[PDB]
Asks: 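A single structure is presented below for examination.
Chain identifiers are assigned alphabetically (A, B, ...) following the order of the sequence lines, protein sequences preceding nucleic acid strands; residue numbering begins at 1 within each chain. Only heavy atoms go into these numbers, but all of them, side chains included; no hydrogens, no water, no symmetry mates. Order of appearance sets the numbers: ligands from 1, and atoms from 1 within every ligand.
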Number of protein chains: 2
Amino acid sequence: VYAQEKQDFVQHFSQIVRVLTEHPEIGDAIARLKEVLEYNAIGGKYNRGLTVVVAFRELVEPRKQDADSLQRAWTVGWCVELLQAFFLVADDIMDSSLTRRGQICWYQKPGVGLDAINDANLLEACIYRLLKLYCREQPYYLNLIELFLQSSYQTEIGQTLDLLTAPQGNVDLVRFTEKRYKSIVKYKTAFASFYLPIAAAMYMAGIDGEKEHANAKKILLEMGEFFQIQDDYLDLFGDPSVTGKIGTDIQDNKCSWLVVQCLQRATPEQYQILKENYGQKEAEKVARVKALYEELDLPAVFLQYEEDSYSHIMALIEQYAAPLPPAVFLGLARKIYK
Amino acid sequence: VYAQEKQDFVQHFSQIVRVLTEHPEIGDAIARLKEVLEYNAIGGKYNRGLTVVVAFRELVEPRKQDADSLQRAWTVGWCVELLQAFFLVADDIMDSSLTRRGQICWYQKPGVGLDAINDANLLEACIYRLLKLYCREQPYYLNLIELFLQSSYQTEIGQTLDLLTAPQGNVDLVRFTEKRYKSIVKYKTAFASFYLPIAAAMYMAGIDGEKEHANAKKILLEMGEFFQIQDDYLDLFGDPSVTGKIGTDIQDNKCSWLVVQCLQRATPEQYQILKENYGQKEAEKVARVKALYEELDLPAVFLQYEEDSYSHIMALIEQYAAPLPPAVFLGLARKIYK
Ligand SMILES: NCCC(O)(P(=O)(O)O)P(=O)(O)O
Ligand SMILES: NCCC(O)(P(=O)(O)O)P(=O)(O)O
Ligand SMILES: [Mg+2]
Ligand SMILES: [Mg+2]
Ligand SMILES: [Mg+2]
Ligand SMILES: [Mg+2]
Ligand SMILES: [Mg+2]
Ligand SMILES: [Mg+2]
């Protein structure tokens, strides 16, 4: 059912690679592009890319869903997956991460290293190549170009706020507030992970109205915040065999949802333990932070937050879904809430 | 004269920064964006950015050069400078460079490091922000967006070929051929440094014809090749007080014009010296390579190549300038040939 939706989307990847890797001496760069694409855009759940396709099929009249229109829909879905790949290749370098999607991070691969910086930019370039190849004659062409560009700018502003609040070797507990946290996740995750795929399908369906996009945004940016909060919870308490990646938030001095909650509940003694042990590479210091989170019942605080968040997002769907089919937002809510 | 053209272009930078750095909690990210912009887009000769303005003034009828049209011209000129800044911030990381434009490389700055990866992407994002803010209602809007996107993709393919031919710790003398060299520079430099600013002004002047852009390209890509050959010559034989940067091509195992010329002229003994000493960090090995280049009269070979190249580019101007004013290409030829 959901795995069959997944299978149909994945089966289009081979064609995406062929169209992108189709001049001889430059063939070595194209062979490297193929390796970058295969290593990084394949191995995930493809939820963002699939959201484009599922939303498109639910927003466009079935008699208008011809072979070429569906081809454009899974191409844009794959552009969303490429945008995620570009950001994650770079994010893994800047966060000093080890693994991603069950394998070593592209930059950690022997023979890759900081050449991954240019590889990340190539993934970004592939989006606009695919949009030109498949959507240049469509009335929503410029809307899609501007949407991917604006989503990248917002993510990058978010990444800047994330990195500025997490300086290496500096105590930044005073800056780990709820207000700072909400602004970081709004920009670094909410815009590109949730608004982008639904907005892309909306534009392809000819739904270009400011009011409709603003209403969809009201639901989706709140869903984006939950998704990042769950990502911060899983960084420490998730199973790496399930998440496919090793957590680094504590070592990286990140303004995680966990540290924000810790500081709101900590006694003066607990604050001192957090101050002495946070943002450092020493395994025993990281372990001390985890023990403090468990002492403050942060896993239980997360489960209560997830319940309260799900009800809030469902209340936002009742308020702002119209005139779009509620199934567009309910499908996405089912996939992110566990 | 040329310094007054330069001064007028530089005086618009303060407005570019204000428009880009104009939401409070996110203010810290905006303050970082301002620091990235001031450190990296200021300190150069601004030749690419000025080329847009000079070409625009020479291609557009003076009665059509109103205040708003000129404002759009120096804004696009600054978008070209931003594109260069994005690529150079990243290139300095991947080439392990120390200095640029007379100061330490942005990534080498204490407190910056690999966060410069996101800073480079922010510079790239600023191009499309400025194009939307100043050119969205112009008929050449999409032509400019697609031109900057295509120029970035070609540069990135070029950067891939550059990095693949220069593996760290691997002997790659067999791959340092004239054919490989010509393909690397065509993509990594020629397209974005020479075709882009003239094409941008051409589109702003309403010159959008395939034939006209192809003719301009025939001159400009050849000029781009010369510029990269001079860049490779200056990497070793240039004065860092004049170039503003320290050479790393020998240490980085790069397919430089110098090593290509060395291999074409080397005796079996000289080839062995090059093989033992190229692509390594040891100062005495780098010195041994430089001595071999001087023994093979490569500085004299470069001066003869520069003379032969200047005559060839001037012959290309006589063939392909029409119907554009030859001054458009002659101005650029004067600034790059020393
Ligand atoms: N949002 C980008 C990637 C992350 O979610 P990830 O946990 O590295 O996948 P981050 O926590 O670095 O923000
Ligand atoms: N073209 C990009 C930058 C260079 O010219 P630069 O010498 O680093 O300025 P490269 O030699 O790395 O190609
Ligand atoms: Mg990360
Ligand atoms: Mg991160
Ligand atoms: Mg995370
Ligand atoms: Mg360099
Ligand atoms: Mg380089
Ligand atoms: Mg160089």
Asks: For the residue pair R180(A) and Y187(A), would you count it as a cation-pi contact if the rule is NZ or CZ under 6.0 angstrom from the ring centre and within 45 degrees of the ring axis?
Replies: no
Asks: Under 2.8 Å from the Mg ion (ligand 8), which protein N/O/S atoms are there?
Replies: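 Correct list: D231(B) OD2.
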Asks: Would you say the side chains of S256(A) and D235(A) form a donor-acceptor pair under 3.5 Å?
Replies: no
Asks: Just distances here: any N/O of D162(A) and N/O of ligand 1 closer than 3.5 Å?
Replies: no
Asks: Taking 4.0 angstrom as the limit, do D92(B) and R101(B) come out as a salt bridge?
Replies: no
Asks: Got a salt bridge between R100(A) and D91(A), using NZ or NE/NH1/NH2 to carboxylate O under 4.0 Å?
Replies: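 Result for this pair is yes, salt bridge flagged.
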Asks: Counting only heavy atoms, which portion of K254(A) has something under 4.0 Å from ligand 1: side chain, backbone, both, or neither?
Replies: neither
Asks: Is any N or O atom of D232(A), backbone or side chain, closer than 3.5 Å to an N or O atom of ligand 1?
Replies: no
Asks: Short list, please: which atoms of ligand 1 are under 4.0 Å from a heavy atom of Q228(A)?
Replies: 1 (N), 5 (O), 11 (O), 13 (O)
Asks: Going by distance only, is there an N or O of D235(A) that falls short of 3.5 Å from an N or O of ligand 1?
Replies: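 So ligand 1 has no N or O lying under 3.5 Å from an N or O of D235(A).
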Asks: May I ask you to check if ligand 1 and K245(A) share an N or O to N or O distance below 3.5 Å?
Replies: yes
Asks: How long is the straight-line distance from CG of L163(B) back to CG of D95(B), given to the nearest 0.5 Å?
Replies: 6.5 Å
Asks: Set out, in order, the CA-CA distance, both residues' side-chain angles and the distance that settles ring pair (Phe, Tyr, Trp, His ring centres under 6.0 Å) for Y233(A) and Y305(A), then state yes or no.
Replies: CA-CA 11 Å; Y233(A) 168 80; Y305(A) 163 80; over 10 Å; no
Asks: Using a strict cut-off of less than 4.0 Å between a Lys/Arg side-chain nitrogen and an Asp/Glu carboxylate oxygen, indicate whether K109(A) and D119(A) qualify as a salt bridge.
Replies: no
Asks: May I ask you to identify the nearest protein heavy atom to atom 5 (O) of ligand 1, giving residue, atom name and distance to one decimal place in Å?
Replies: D231(A) OD2, 2.9 Å
Asks: So among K245(A), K254(A), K188(A), which one has a salt bridge (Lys or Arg N to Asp or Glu O under 4.0 Å) with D231(A)?
Replies: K245(A)
Asks: How are the rings of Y337(A) and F226(A) set to each other: parallel, tilted or perpendicular (split at 30° and 60°)?
Replies: parallel
Asks: Using a 4.0 Å cut-off to any heavy atom of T189(A), which atoms of ligand 1 qualify?
Replies: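 By the 4.0 Å cutoff, the relevant atoms are 1 (N).
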Asks: Identify, for atom 13 (O) of ligand 1, the protein heavy atom at the shortest distance, and state residue, atom and that distance.
Replies: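 Here the closest protein heavy atom is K188(A) NZ, 2.8 Å.
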Asks: Report, in ascending order of atom number, the atoms of ligand 1 lying under 4.0 Å from any heavy atom of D91(A).
Replies: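 Ligand 1 atoms under the 4.0 Å threshold to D91(A): 3 (C), 8 (O), 12 (O).
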Asks: At what distance, to the nearest 0.5 angstrom, does CD of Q159(A) lie from OG1 of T189(A)?
Replies: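 If I round to the nearest 0.5 Å, the distance is 7.5 Å.
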Asks: Before signing off on this row, confirm whether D95(A) and ligand 1 have an N or O atom pair separated by under 3.5 Å.
Replies: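 By distance alone, the answer is yes.
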Asks: Give me the ring orientation class for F9(A) and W78(A): parallel if the planes are under 30° apart, tilted from 30 to 60°, perpendicular past 60°.
Replies: parallel
